[PDB]
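Structure assessment
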Amino acid sequence: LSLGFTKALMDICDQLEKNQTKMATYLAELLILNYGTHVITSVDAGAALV
Amino acid sequence: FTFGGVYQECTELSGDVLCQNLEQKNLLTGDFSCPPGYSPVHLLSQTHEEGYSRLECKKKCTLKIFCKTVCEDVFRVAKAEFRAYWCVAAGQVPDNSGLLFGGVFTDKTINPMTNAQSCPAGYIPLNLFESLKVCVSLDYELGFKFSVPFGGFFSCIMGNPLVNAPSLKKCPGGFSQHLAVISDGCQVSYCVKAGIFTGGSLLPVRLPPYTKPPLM
Amino acid sequence: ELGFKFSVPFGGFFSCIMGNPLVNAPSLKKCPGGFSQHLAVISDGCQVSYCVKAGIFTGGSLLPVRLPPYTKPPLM
Amino acid sequence: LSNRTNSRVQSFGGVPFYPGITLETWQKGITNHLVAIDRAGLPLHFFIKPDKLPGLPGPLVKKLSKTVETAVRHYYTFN
Amino acid sequence: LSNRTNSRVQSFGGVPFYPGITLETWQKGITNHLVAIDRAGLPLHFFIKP
Amino acid sequence: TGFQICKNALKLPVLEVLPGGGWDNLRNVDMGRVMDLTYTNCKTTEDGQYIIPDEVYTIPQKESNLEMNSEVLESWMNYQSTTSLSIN
Ligand SMILES: OC[C@H]1O[C@H](O[C@H]2[C@H](O)[C@@H](O)[C@H](OCCCCCCC3CCCCC3)O[C@@H]2CO)[C@H](O)[C@@H](O)[C@@H]1O
Ligand SMILES: *[C@@H]1O[C@H](CO)[C@@H](O)[C@H](O)[C@H]1NC(C)=O
Ligand SMILES: *[C@@H]1O[C@H](CO)[C@@H](O)[C@H](O)[C@H]1NC(C)=O
């Protein structure tokens, strides 16, 4: 995992550890906004024309 | 549910030109019918007209002595009514004897299951409308790896009989409703489980795991 | 010998108008045993298929080198 | 007399298209201008695993994955 | 009058195809763009050996 | 985690289509780097065309599809009429 993704996950873990589920969910939604829903494991480099 | 196939009956109303490609036999029966244990469901009946210039040559003999071959071309507007149906399971039909649904596509639309205007490997396209093709799987394993659960068809005039006998225009259960085709302003749609369809730009690699991470 | 090294177990044929008589005399459109059903031809809308064992048929893009061994690695 | 001509060109990757270009020139010009034309991926909660995060203990990352996945579910349901 | 032309080209390996290309140029262009046209393998468990 | 060190040596472009990024399945747009991309090894595609990060590998599926459809329809209808009358 990248540095930033790990850092965001650690922040969510710490917020959960502080027994504060309110900003935990906010931080998780921020994670979703910044990194989206899925992670791309395979692409196809190429080109197309119509 | 079990989908036993489709067939598009073609009736010639003028000439014999249109129904040479608008007719579609059922794959399993080889005829415009449904396999045993299946009840044909009237999907949609519509008329189609097309003009064509047919050339014909005839040998006219007047007075049994003046024989001449005359060739003439006639511009005729052939009209044909096509009636397309689909075979749904009548009851507790044997499993998994039948056919599998690989999605449908038109020359102007896409098949979201394969994201292409074609049928997957081991699939056969059957003509269902003027521009609609259905991808049907004969092999059970290839279909099961290349199919989606099917719920039924319905039109703008006849709804789905499997609603929960009333026939409403609604996909039963958790089956989702997506457009299949528009024929002369009449909507035709199909029903597939909502979990398999998604945004579609990213094809998820949904193979393993078959369980969430098991806790210690 | 050449056929045995270049063939597949065969169950029989059936068409859209007459099914396989080897079903388990009724003749149904079903491959007997574990024989798989694959489309062979479509003659004028009539479906003709064959029956071969599911053990040999696969995805097909990777030809197996499935020759030896003829047994799993025997335990010590 | 009535003339009506419509041209429509849609390109993904390669040199910016211009009308007088030939498919030879366009095909020879994709050497550096390649574009993702297809992609596949996995849900991100699939990557929240104890072995993937050394800094945190297993029971913690399990709850972390649960809350991330429920955040995703909420994000889907709202929209 | 009615003209209808359909061309379809499908290439695996070699230089990206363009319509005006000659088979000579294409054949001389595979010198580095070679792809797998056939493959054979073994089951995974066959390699998990003591 | 830059690739400029490799570029200075190899003098090649870097393959700009890379996995390991985030993806918003709703909006269908790339989001953010999730996997770690490093260029420590100065890894290259086998054909020596692109510099790729150490965490990816490329299958060379060099394929091209071309479809060309042309359709020309012409209709010509020409008609003439000449009626002449004369009374003397
Ligand atoms: O002519 C006008 C029509 O042209 C097309 O239709 C074509 C059609 O696509 C073709 O299949 C058939 O022609 C077939 C020509 C021969 C048919 C009779 C067979 C004859 C051949 C000569 C020996 C005796 C038997 O009808 C017309 C005329 O081309 C289109 O439908 C449309 O442009 C228009 O409605
Ligand atoms: C435009 O009109 C001319 C006649 O002035 C005709 O020859 C031509 O085919 C039409 N179309 C184009 C694209 O020039
Ligand atoms: C296209 O139509 C022309 C007449 O305009 C004709 O000469 C030719 O044979 C047709 N086909 C092609 C491929 O040009």
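So, how was this worked out
Residues numbered from 1 in each chain as written, not as in the entry; some residues may be left out. Chains lettered and ligands numbered in written order. Part of a larger assembly, values for the part shown. Heavy atoms only, no water. Pairing = 2+ DSSP bridges. Helix = DSSP H or I, 4+ residues; strand = E, 2+ residues; numbered from the N terminus. Axes fitted to C-alpha atoms, helices over the stretch in contact; angles between N-to-C directions. Parallel < 35°, antiparallel > 145°, perpendicular 65-115°, else oblique. Left-handed = near helix turned anticlockwise from the far one by under 90°. Contact = heavy atoms within 4.5 Å. Near = heavy atom within 4 Å. Polar contact = N/O pair within 3.5 Å; in protein donor to acceptor, adjacent residues only side chain to side chain. Areas by Shrake-Rupley, 256 points an atom, 1.4 Å probe, with all protein chains shown as cover. Disulfide = S-S within 2.5 Å. UniProt positions renumbered as here; feature names shortened; annotations may be inferred. Buried < 20%, exposed > 50% of the residue type's maximum accessible area, 1.4 Å probe, protein only. Buried area = accessible area lost by both parts, 1.4 Å probe. Salt bridge = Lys/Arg side-chain N within 4 Å of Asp/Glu carboxyl O. Nonpolar A, V, L, I, M, F, W, Y, C, P; charged D, E, K, R; others polar.

- As recorded in the PDB header, cryo-EM is the method behind this entry, and the stated resolution is 3.0 Å.

Brief notes about the sheet that holds strand β3 (residues 46-53) of chain C
Residues and elements named next belong to chain C.
- Judged by pairing direction, the sheet is antiparallel, and its 3 strands sit side by side in the order β1-β3-β2 without closing on themselves. Pairing within the sheet leaves two strands with one partner each, and these edge strands are β1 (10-14) and β2 (35-43). Shown here is a sheet whose adjacent strand axes are inclined to one another by a mean of 20°, direction ignored.
- Taken together, the 4 bridges between β1 and β3 define a ladder with antiparallel strand orientation. Its bridge partner lying in β3, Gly12 is registered against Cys51.

Observations concerning the packing of helix α1 (residues 3-17) of chain A against helix α2 (residues 21-35) of chain A
Residue and element names in this part refer to chain A.
- Here α1 crosses α2 at 165°, and the two axes come no closer than 8 Å. By the angle between their directions, the pair α1 and α2 is classed as roughly antiparallel. Between α1 and α2 lies a crossing of left-handed hand. Across the interface between the two elements, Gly4, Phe5, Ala8, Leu9, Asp11, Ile12, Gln15 and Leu16 of α1 pack against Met23, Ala24, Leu27, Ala28, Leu31 and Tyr35 of α2.

Topic: the site of ligand 2
Residue and element names in this part refer to chain D.
- Lining the immediate environment of ligand 2, one finds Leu1, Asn3 and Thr5.
- In this structure, an oxygen atom belonging to ligand 2 sits 2.4 Å away from a side-chain N or O atom of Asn3.
- Starting from 350 Å² of accessible surface for ligand 2 in isolation, the protein chains cover 26%.

As for the UniProt feature "disulfide bond" in chain F
Residue and element names in this part refer to chain F.
- In this model the annotated disulfide between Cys6 and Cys42 is intact, with an S-S distance of 2.0 Å against a 2.5 Å threshold. Taken together, the residues span a long stretch of sequence, with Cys6 in helix α1 (residues 4-10) and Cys42 in the loop between β2 (29-33) and β3 (63-73) at a distance of 36 residues.
- We classify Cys6 as buried; its relative accessible area is 0%.

With respect to the interface of chain A and chain D
- The interface is formed by 26 residues belonging to chain A together with 37 residues belonging to chain D.
- When the buried surface of chain A facing chain D is broken down by residue, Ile32, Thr37 and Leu49 of chain A rank first, second and third, together holding 19% of it.
- Across the chain A-chain D interface, the total number found is 0 salt bridges.
- Seen at the junction of chain A and chain D, the total is 10 residue pairs in polar contact.
- The set of elements that each furnish at least two residues to the side of chain A that touches chain D consists of α1, α2, β1 (38-46) and β2 (48-49) of chain A.
- With 9 residues, β1 of chain A is the largest single contributor of residues to the side of chain A that touches chain D.
- For the side of chain A that touches chain D, the per-class residue count stands at 17 nonpolar, 7 polar and 2 charged.

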